[PDB]
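Enquirer: Structure incoming, see below.
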Amino acid sequence: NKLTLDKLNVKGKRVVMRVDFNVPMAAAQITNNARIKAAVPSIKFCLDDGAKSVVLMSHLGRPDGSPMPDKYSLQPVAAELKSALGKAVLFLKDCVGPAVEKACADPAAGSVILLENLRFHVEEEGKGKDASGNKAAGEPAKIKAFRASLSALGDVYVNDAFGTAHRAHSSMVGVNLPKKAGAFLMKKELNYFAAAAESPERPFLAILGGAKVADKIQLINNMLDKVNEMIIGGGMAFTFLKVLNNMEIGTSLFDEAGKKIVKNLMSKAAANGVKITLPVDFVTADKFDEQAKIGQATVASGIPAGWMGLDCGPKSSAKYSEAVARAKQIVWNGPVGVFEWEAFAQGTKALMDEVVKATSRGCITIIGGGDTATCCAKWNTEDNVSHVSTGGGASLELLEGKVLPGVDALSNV
Ligand SMILES: Nc1ncnc2c1ncn2[C@@H]1O[C@H](COP(=O)(O)O)[C@@H](O)[C@H]1O
Ligand SMILES: [Mg+2]
């Protein structure tokens, strides 16, 4: 129940749109467009429906509030967006101030304008570091002024920056305009997660991977309140196997703080009637290196001193596949092994194959932002799963059961 773009009247209006263009880069070059392309359907909707202008605003990297036009400029994105949009883009060297306001005042109808990095101003995050590297605090009156300037750039506001929705930054919660609508990406992201957090199809399987356990306690706990099954893989699994089974784990990752909560998580799973699938075999490595000598092990055999489990084995792949086969809805957050290294990416690759097949027969498959999304990109499965999230931190907070400041700030329907 929140206002979305498709239900917003834009004809003859200046649209001030927050987008998450915080794209990866490398030596003044974009290394992945995804976030830019993800926001194009919203930009076009506005143009096609007669918007007077669409003023795009975003942050890039973490300049921590000082104009770093040399390393963190959004200028390259303007030329990239012009190619994707097939339309000229007016790039402005600032995002607030009299001159920027004057430029967005009465733009030529159909104008697309891209503002400079919002994080060049400490008022966006509300805090930062000075030149010396010292932490500086934003001033309240300056915060108000900054927000009032952004508000002048449009008659209506659209937030399509899902990747930034967990941030209560000025551009996300401070735009004072009567109409604040979530755009098409934001809509899609919330639509699917509404699936995971409210009315999931069943069985509902949650696949949780990664290294640390302590930072995922809430994610695991929240998911235990909603799923029918849960696969616990990746490095996390070793804390569970060590505690529950007393498995010899070698130099495999072990979370000391998290190990103290393992029995409590299993207890909840039991009470909620959740079937937990943990790995039973592994692909070992003599060291955490892409080219480390590899081996094999099982929970029963244990992992040799010095060696570490970096991926699940064949038997674990079977059990995982069986869980996927039983699911009508799946939420996957975190690969099941070191996917970055080919030798330890096979379990993840195999699981992806199963998730893709599940989607083909009607399973609603939701891939979390970040690492899992990167895997979809690497193996070209974006068009093969139901949803691939554009925001790692944002989707994690949602799966944790948290309210997103950027979503909460939107108008209601
Ligand atoms: N069995 C494992 N051992 C060590 N690292 C793993 C393992 N499985 C997944 N990972 C890594 O954990 C990651 C994400 O960890 P996290 O920051 O907790 O999300 C990726 O960098 C993976 O390479
Ligand atoms: Mg990660």
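Order determines the names: the first chain of the structure tokens is A, the second B, and so forth; residues in each chain are numbered 1 upward, and ligands are numbered 1 upward as they are shown.
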Give me the residues near residue 98 (chain A) as number ranges by chain, where near means some atom within 12 Å (using only C-alpha atoms) and where sequence neighbours in that chain fewer than 5 positions away do not count.
Expert: A: 103-105, 145-146, 148-150, 152-153
Enquirer: What does the file look like for those residues with C-alpha atoms, as a PDB file, in the first residue's frame?
Expert:
```pdb
ATOM      1  CA  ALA A 103      18.581  24.942 -14.427  1.00  0.00           C
ATOM      2  CA  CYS A 104      15.767  22.617 -13.249  1.00  0.00           C
ATOM      3  CA  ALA A 105      13.274  25.518 -12.912  1.00  0.00           C
ATOM      4  CA  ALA A 145      18.606  24.038   3.347  1.00  0.00           C
ATOM      5  CA  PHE A 146      20.067  21.104   1.447  1.00  0.00           C
ATOM      6  CA  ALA A 148      14.825  22.425   0.503  1.00  0.00           C
ATOM      7  CA  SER A 149      17.086  22.822  -2.563  1.00  0.00           C
ATOM      8  CA  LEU A 150      16.529  19.242  -3.749  1.00  0.00           C
ATOM      9  CA  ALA A 152      12.825  22.750  -5.674  1.00  0.00           C
ATOM     10  CA  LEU A 153      14.099  20.638  -8.606  1.00  0.00           C
TER      11      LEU A 153
END
```
Enquirer: Hey, what's within 10 Å of residue 166 (chain A) if we count only C-alpha atoms and toss same-chain stuff fewer than 3 positions away? As a PDB file with N, CA and C atoms, in the first residue's frame, please?
Expert:
```
ATOM      1  N   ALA A 161      15.511   4.277  -6.058  1.00  0.00           N
ATOM      2  CA  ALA A 161      16.799   3.844  -5.531  1.00  0.00           C
ATOM      3  C   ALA A 161      16.677   2.739  -4.500  1.00  0.00           C
ATOM      4  N   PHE A 162      16.223   1.568  -4.936  1.00  0.00           N
ATOM      5  CA  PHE A 162      16.087   0.459  -3.992  1.00  0.00           C
ATOM      6  C   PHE A 162      17.374   0.161  -3.219  1.00  0.00           C
ATOM      7  N   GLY A 163      18.504   0.186  -3.922  1.00  0.00           N
ATOM      8  CA  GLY A 163      19.807  -0.108  -3.308  1.00  0.00           C
ATOM      9  C   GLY A 163      20.167   0.789  -2.130  1.00  0.00           C
ATOM     10  N   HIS A 169      18.915   9.019   4.324  1.00  0.00           N
ATOM     11  CA  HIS A 169      19.696  10.147   3.856  1.00  0.00           C
ATOM     12  C   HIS A 169      18.758  11.226   3.310  1.00  0.00           C
ATOM     13  N   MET A 172      16.667  10.637   0.266  1.00  0.00           N
ATOM     14  CA  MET A 172      15.792   9.484   0.455  1.00  0.00           C
ATOM     15  C   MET A 172      14.576   9.731   1.357  1.00  0.00           C
ATOM     16  N   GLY A 391      19.912  -4.505  -4.804  1.00  0.00           N
ATOM     17  CA  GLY A 391      20.554  -4.004  -3.600  1.00  0.00           C
ATOM     18  C   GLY A 391      20.852  -4.986  -2.487  1.00  0.00           C
ATOM     19  N   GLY A 393      22.598  -4.669   0.693  1.00  0.00           N
ATOM     20  CA  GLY A 393      22.253  -4.210   2.031  1.00  0.00           C
ATOM     21  C   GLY A 393      20.767  -3.964   2.231  1.00  0.00           C
ATOM     22  N   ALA A 394      20.124  -3.373   1.222  1.00  0.00           N
ATOM     23  CA  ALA A 394      18.694  -3.108   1.275  1.00  0.00           C
ATOM     24  C   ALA A 394      17.866  -4.404   1.356  1.00  0.00           C
ATOM     25  N   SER A 395      18.145  -5.393   0.505  1.00  0.00           N
ATOM     26  CA  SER A 395      17.375  -6.640   0.586  1.00  0.00           C
ATOM     27  C   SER A 395      17.663  -7.411   1.885  1.00  0.00           C
ATOM     28  N   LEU A 396      18.874  -7.292   2.403  1.00  0.00           N
ATOM     29  CA  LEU A 396      19.206  -7.970   3.645  1.00  0.00           C
ATOM     30  C   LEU A 396      18.361  -7.402   4.780  1.00  0.00           C
ATOM     31  N   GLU A 397      18.274  -6.081   4.875  1.00  0.00           N
ATOM     32  CA  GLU A 397      17.482  -5.477   5.950  1.00  0.00           C
ATOM     33  C   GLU A 397      16.014  -5.872   5.857  1.00  0.00           C
ATOM     34  N   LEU A 398      15.521  -6.018   4.635  1.00  0.00           N
ATOM     35  CA  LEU A 398      14.141  -6.432   4.414  1.00  0.00           C
ATOM     36  C   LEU A 398      13.922  -7.859   4.909  1.00  0.00           C
ATOM     37  N   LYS A 402      13.116  -5.581   8.763  1.00  0.00           N
ATOM     38  CA  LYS A 402      13.198  -4.148   9.051  1.00  0.00           C
ATOM     39  C   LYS A 402      12.418  -3.269   8.077  1.00  0.00           C
ATOM     40  N   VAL A 403      12.019  -2.092   8.557  1.00  0.00           N
ATOM     41  CA  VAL A 403      11.324  -1.103   7.743  1.00  0.00           C
ATOM     42  C   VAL A 403      12.424  -0.324   7.019  1.00  0.00           C
ATOM     43  N   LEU A 404      12.236  -0.055   5.734  1.00  0.00           N
ATOM     44  CA  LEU A 404      13.224   0.702   4.966  1.00  0.00           C
ATOM     45  C   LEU A 404      12.834   2.186   4.983  1.00  0.00           C
ATOM     46  N   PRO A 405      13.703   3.053   5.535  1.00  0.00           N
ATOM     47  CA  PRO A 405      13.416   4.497   5.606  1.00  0.00           C
ATOM     48  C   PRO A 405      12.925   5.077   4.278  1.00  0.00           C
ATOM     49  N   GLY A 406      13.570   4.677   3.186  1.00  0.00           N
ATOM     50  CA  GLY A 406      13.214   5.168   1.861  1.00  0.00           C
ATOM     51  C   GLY A 406      11.828   4.752   1.391  1.00  0.00           C
ATOM     52  N   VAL A 407      11.400   3.573   1.814  1.00  0.00           N
ATOM     53  CA  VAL A 407      10.081   3.068   1.462  1.00  0.00           C
ATOM     54  C   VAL A 407       9.049   3.734   2.383  1.00  0.00           C
ATOM     55  N   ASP A 408       9.361   3.777   3.672  1.00  0.00           N
ATOM     56  CA  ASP A 408       8.478   4.363   4.673  1.00  0.00           C
ATOM     57  C   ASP A 408       8.175   5.836   4.393  1.00  0.00           C
TER      58      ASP A 408
END
```
Enquirer: Residues near residue 93 (chain A), anyone? I mean within 10 Å using only C-alpha atoms, not counting same-chain ones fewer than 5 positions away, as a ChimeraX atom specification.
Expert: /A:67,69,73-75,100,114-117
Enquirer: Could I get the residue neighbourhood of ligand 1 at 10 Å, counting only C-alpha atoms and all ligand atoms, as a PyMOL selection string?
Expert: chain A and resi 208-216+233-238+251-254+282-285+288+308-312+333-341+344-345+348+370-372+392
Enquirer: For the alpha helix (DSSP H) assignment from backbone DSSP, which residues of region 144-228 of chain A qualify? Please present them as a VMD selection string.
Expert: chain A and resid 144 to 152 170 to 173 184 to 197 217 to 224
Enquirer: For residue 60 (chain A), work out the shell of residues within 10 Å, counting only C-alpha atoms and skipping chain neighbours fewer than 5 positions away, then give it as a PyMOL selection string.
Expert: chain A and resi 20-25+71-74+116-120
Enquirer: Convert the current residue selection to file output with C-alpha atoms, as a CSV table (one decimal), in the first residue's frame.
Expert:
```
chain,number,residue,atom,x,y,z
A,20,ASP,CA,20.8,4.2,-7.2
A,21,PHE,CA,23.5,4.8,-9.8
A,22,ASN,CA,26.3,3.9,-7.3
A,23,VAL,CA,27.8,1.7,-9.9
A,24,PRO,CA,31.1,-0.2,-9.6
A,25,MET,CA,33.9,1.5,-11.6
A,71,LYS,CA,37.5,10.1,-8.4
A,72,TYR,CA,33.8,10.0,-7.5
A,73,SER,CA,32.1,12.0,-10.3
A,74,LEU,CA,28.8,10.8,-11.8
A,116,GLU,CA,26.5,15.5,-9.5
A,117,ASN,CA,27.2,13.0,-6.6
A,118,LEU,CA,24.9,13.8,-3.7
A,119,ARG,CA,27.6,12.7,-1.2
A,120,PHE,CA,29.8,15.7,-2.1
```
Enquirer: How would you write, as a ChimeraX atom specification, the set of residues in region 168-396 of chain A that DSSP gives as strand (DSSP E)?
Expert: /A:180-182,204-208,229-232,275-277,281-285,294-298,308-312,329-333,364-367,387-388
Enquirer: For a test of reading the model, state the distance in Å between CA of residue 384 (chain A) and CA of residue 274 (chain A), rounded to one decimal.
Expert: 27.3 Å
Enquirer: Quick one: residues within 12 Å of residue 225 (chain A), only C-alpha atoms, excluding same-chain residues fewer than 6 positions away - as a list in words?
Expert: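 The residues satisfying every condition are residues 196, 197, 198, 200, 204, 205, 206, 218, 219, 265, 268, 269, 270, 271, 272, 273, 274, 399, 400 and 401 of chain A.
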Enquirer: Could you write those residues out with N, CA, C and O atoms, as a PDB file, in the first residue's frame?
Expert:
```
ATOM      1  N   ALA A 196       8.105 -12.896   0.220  1.00  0.00           N
ATOM      2  CA  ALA A 196       8.938 -13.564   1.224  1.00  0.00           C
ATOM      3  C   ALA A 196       8.488 -13.233   2.655  1.00  0.00           C
ATOM      4  O   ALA A 196       8.430 -14.112   3.526  1.00  0.00           O
ATOM      5  N   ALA A 197       8.161 -11.971   2.871  1.00  0.00           N
ATOM      6  CA  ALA A 197       7.839 -11.465   4.217  1.00  0.00           C
ATOM      7  C   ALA A 197       6.344 -11.521   4.604  1.00  0.00           C
ATOM      8  O   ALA A 197       5.978 -11.322   5.770  1.00  0.00           O
ATOM      9  N   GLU A 198       5.445 -11.800   3.673  1.00  0.00           N
ATOM     10  CA  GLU A 198       4.004 -11.761   4.029  1.00  0.00           C
ATOM     11  C   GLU A 198       3.208 -13.012   3.636  1.00  0.00           C
ATOM     12  O   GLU A 198       2.737 -13.769   4.498  1.00  0.00           O
ATOM     13  N   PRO A 200       3.973 -15.953   1.389  1.00  0.00           N
ATOM     14  CA  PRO A 200       4.740 -16.819   0.493  1.00  0.00           C
ATOM     15  C   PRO A 200       4.014 -18.070   0.017  1.00  0.00           C
ATOM     16  O   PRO A 200       3.089 -18.557   0.677  1.00  0.00           O
ATOM     17  N   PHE A 204       8.114 -23.013   1.240  1.00  0.00           N
ATOM     18  CA  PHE A 204       8.959 -21.825   1.088  1.00  0.00           C
ATOM     19  C   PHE A 204      10.324 -22.217   1.635  1.00  0.00           C
ATOM     20  O   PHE A 204      10.470 -22.513   2.820  1.00  0.00           O
ATOM     21  N   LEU A 205      11.314 -22.203   0.726  1.00  0.00           N
ATOM     22  CA  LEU A 205      12.689 -22.546   1.083  1.00  0.00           C
ATOM     23  C   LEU A 205      13.591 -21.315   1.070  1.00  0.00           C
ATOM     24  O   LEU A 205      13.566 -20.511   0.127  1.00  0.00           O
ATOM     25  N   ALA A 206      14.356 -21.222   2.131  1.00  0.00           N
ATOM     26  CA  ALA A 206      15.345 -20.166   2.305  1.00  0.00           C
ATOM     27  C   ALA A 206      16.731 -20.801   2.250  1.00  0.00           C
ATOM     28  O   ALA A 206      17.033 -21.740   2.999  1.00  0.00           O
ATOM     29  N   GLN A 218      19.839 -12.199  12.999  1.00  0.00           N
ATOM     30  CA  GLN A 218      18.489 -11.680  12.775  1.00  0.00           C
ATOM     31  C   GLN A 218      17.859 -12.148  11.458  1.00  0.00           C
ATOM     32  O   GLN A 218      16.646 -12.378  11.392  1.00  0.00           O
ATOM     33  N   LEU A 219      18.698 -12.292  10.427  1.00  0.00           N
ATOM     34  CA  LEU A 219      18.261 -12.750   9.113  1.00  0.00           C
ATOM     35  C   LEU A 219      17.751 -14.187   9.244  1.00  0.00           C
ATOM     36  O   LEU A 219      16.688 -14.523   8.739  1.00  0.00           O
ATOM     37  N   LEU A 265      18.931 -21.337  17.589  1.00  0.00           N
ATOM     38  CA  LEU A 265      18.373 -21.249  16.236  1.00  0.00           C
ATOM     39  C   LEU A 265      17.733 -22.587  15.832  1.00  0.00           C
ATOM     40  O   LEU A 265      16.638 -22.618  15.277  1.00  0.00           O
ATOM     41  N   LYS A 268      14.423 -23.064  17.562  1.00  0.00           N
ATOM     42  CA  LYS A 268      13.338 -22.304  16.927  1.00  0.00           C
ATOM     43  C   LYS A 268      12.844 -23.027  15.673  1.00  0.00           C
ATOM     44  O   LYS A 268      11.639 -23.126  15.424  1.00  0.00           O
ATOM     45  N   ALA A 269      13.783 -23.509  14.881  1.00  0.00           N
ATOM     46  CA  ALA A 269      13.457 -24.238  13.664  1.00  0.00           C
ATOM     47  C   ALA A 269      12.579 -25.437  14.021  1.00  0.00           C
ATOM     48  O   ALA A 269      11.585 -25.697  13.358  1.00  0.00           O
ATOM     49  N   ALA A 270      12.917 -26.126  15.106  1.00  0.00           N
ATOM     50  CA  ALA A 270      12.154 -27.283  15.573  1.00  0.00           C
ATOM     51  C   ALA A 270      10.723 -26.891  15.950  1.00  0.00           C
ATOM     52  O   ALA A 270       9.759 -27.512  15.483  1.00  0.00           O
ATOM     53  N   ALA A 271      10.577 -25.833  16.735  1.00  0.00           N
ATOM     54  CA  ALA A 271       9.260 -25.380  17.173  1.00  0.00           C
ATOM     55  C   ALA A 271       8.375 -24.884  16.030  1.00  0.00           C
ATOM     56  O   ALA A 271       7.147 -25.054  16.059  1.00  0.00           O
ATOM     57  N   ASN A 272       8.988 -24.239  15.048  1.00  0.00           N
ATOM     58  CA  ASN A 272       8.254 -23.701  13.908  1.00  0.00           C
ATOM     59  C   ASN A 272       8.009 -24.742  12.831  1.00  0.00           C
ATOM     60  O   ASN A 272       7.340 -24.469  11.828  1.00  0.00           O
ATOM     61  N   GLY A 273       8.587 -25.922  13.023  1.00  0.00           N
ATOM     62  CA  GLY A 273       8.432 -27.017  12.069  1.00  0.00           C
ATOM     63  C   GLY A 273       9.220 -26.827  10.782  1.00  0.00           C
ATOM     64  O   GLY A 273       8.794 -27.228   9.700  1.00  0.00           O
ATOM     65  N   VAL A 274      10.398 -26.229  10.912  1.00  0.00           N
ATOM     66  CA  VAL A 274      11.269 -25.964   9.773  1.00  0.00           C
ATOM     67  C   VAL A 274      12.320 -27.059   9.608  1.00  0.00           C
ATOM     68  O   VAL A 274      13.033 -27.423  10.561  1.00  0.00           O
ATOM     69  N   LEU A 399      14.847  -8.745   4.547  1.00  0.00           N
ATOM     70  CA  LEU A 399      14.770 -10.145   4.933  1.00  0.00           C
ATOM     71  C   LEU A 399      14.958 -10.280   6.424  1.00  0.00           C
ATOM     72  O   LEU A 399      14.569 -11.291   7.001  1.00  0.00           O
ATOM     73  N   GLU A 400      15.537  -9.254   7.034  1.00  0.00           N
ATOM     74  CA  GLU A 400      15.729  -9.224   8.478  1.00  0.00           C
ATOM     75  C   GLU A 400      14.457  -8.781   9.178  1.00  0.00           C
ATOM     76  O   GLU A 400      14.358  -8.895  10.397  1.00  0.00           O
ATOM     77  N   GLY A 401      13.495  -8.281   8.402  1.00  0.00           N
ATOM     78  CA  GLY A 401      12.205  -7.828   8.925  1.00  0.00           C
ATOM     79  C   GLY A 401      12.157  -6.343   9.280  1.00  0.00           C
ATOM     80  O   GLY A 401      11.259  -5.887   9.988  1.00  0.00           O
TER      81      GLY A 401
END
```
Enquirer: Taking 2 positions as the minimum chain separation for residues in the same chain, which residues sit within 12 Å of residue 136 (chain A) when counting only C-alpha atoms? Answer as a VMD selection string.
Expert: chain A and resid 64 to 66 121 to 123 125 to 134 138 to 139
Enquirer: Pick out the residues sitting within 12 Å of residue 361 (chain A), and hand them over as a JSON list (two decimals) with N, CA, C and O atoms, in the first residue's frame; count only C-alpha atoms, and ignore anything fewer than 6 positions along from it in its own chain.
Expert:
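Done, and the output landed in selection-v5.json:
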```
[["chain", "number", "residue", "atom", "x", "y", "z"],
["A", 324, "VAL", "N", 15.14, -27.86, -3.15],
["A", 324, "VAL", "CA", 14.67, -26.98, -4.20],
["A", 324, "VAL", "C", 13.49, -27.64, -4.93],
["A", 324, "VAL", "O", 12.50, -26.99, -5.24],
["A", 325, "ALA", "N", 13.60, -28.94, -5.18],
["A", 325, "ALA", "CA", 12.55, -29.69, -5.88],
["A", 325, "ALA", "C", 11.23, -29.64, -5.13],
["A", 325, "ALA", "O", 10.16, -29.67, -5.73],
["A", 326, "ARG", "N", 11.30, -29.59, -3.81],
["A", 326, "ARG", "CA", 10.08, -29.52, -2.99],
["A", 326, "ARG", "C", 9.47, -28.12, -2.84],
["A", 326, "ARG", "O", 8.30, -27.97, -2.48],
["A", 327, "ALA", "N", 10.26, -27.09, -3.10],
["A", 327, "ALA", "CA", 9.80, -25.71, -2.94],
["A", 327, "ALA", "C", 8.95, -25.07, -4.04],
["A", 327, "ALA", "O", 9.15, -25.35, -5.21],
["A", 328, "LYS", "N", 7.96, -24.28, -3.66],
["A", 328, "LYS", "CA", 7.19, -23.52, -4.64],
["A", 328, "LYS", "C", 7.66, -22.05, -4.57],
["A", 328, "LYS", "O", 7.29, -21.21, -5.41],
["A", 329, "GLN", "N", 8.42, -21.72, -3.53],
["A", 329, "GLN", "CA", 9.00, -20.38, -3.38],
["A", 329, "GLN", "C", 10.37, -20.51, -2.74],
["A", 329, "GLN", "O", 10.54, -21.28, -1.80],
["A", 354, "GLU", "N", 19.64, -25.85, -10.41],
["A", 354, "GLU", "CA", 18.39, -26.35, -9.83],
["A", 354, "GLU", "C", 17.35, -25.25, -9.66],
["A", 354, "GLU", "O", 16.17, -25.48, -9.94],
["A", 355, "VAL", "N", 17.78, -24.07, -9.21],
["A", 355, "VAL", "CA", 16.90, -22.93, -8.99],
["A", 355, "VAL", "C", 16.30, -22.47, -10.32],
["A", 355, "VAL", "O", 15.11, -22.15, -10.38],
["A", 384, "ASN", "N", 16.49, -16.06, -15.99],
["A", 384, "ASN", "CA", 16.10, -17.42, -15.66],
["A", 384, "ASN", "C", 15.52, -17.62, -14.26],
["A", 384, "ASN", "O", 15.08, -18.72, -13.90],
["A", 385, "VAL", "N", 15.56, -16.57, -13.45],
["A", 385, "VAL", "CA", 14.99, -16.64, -12.10],
["A", 385, "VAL", "C", 13.91, -15.55, -12.01],
["A", 385, "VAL", "O", 13.91, -14.63, -12.81],
["A", 386, "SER", "N", 13.01, -15.67, -11.05],
["A", 386, "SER", "CA", 11.92, -14.70, -10.92],
["A", 386, "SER", "C", 12.38, -13.28, -10.63],
["A", 386, "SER", "O", 11.91, -12.33, -11.25]]
```
Enquirer: Smallest atom-to-atom distance to ligand 2: which of A:84, A:375, A:364, A:262, using only C-alpha atoms and all ligand atoms?
Expert: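 Among the listed residues, A:375 lies closest to ligand 2.
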Enquirer: How many Å lie between CA of residue 102 (chain A) and CA of residue 3 (chain A), rounded to one decimal?
Expert: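 Computing the Euclidean distance for CA of residue 102 (chain A) and CA of residue 3 (chain A) yields 28.4 Å.
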Enquirer: Quick one, how far is CA of residue 259 (chain A) from CA of residue 217 (chain A)?
Expert: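 Separation of CA of residue 259 (chain A) and CA of residue 217 (chain A): 10.6 Å.
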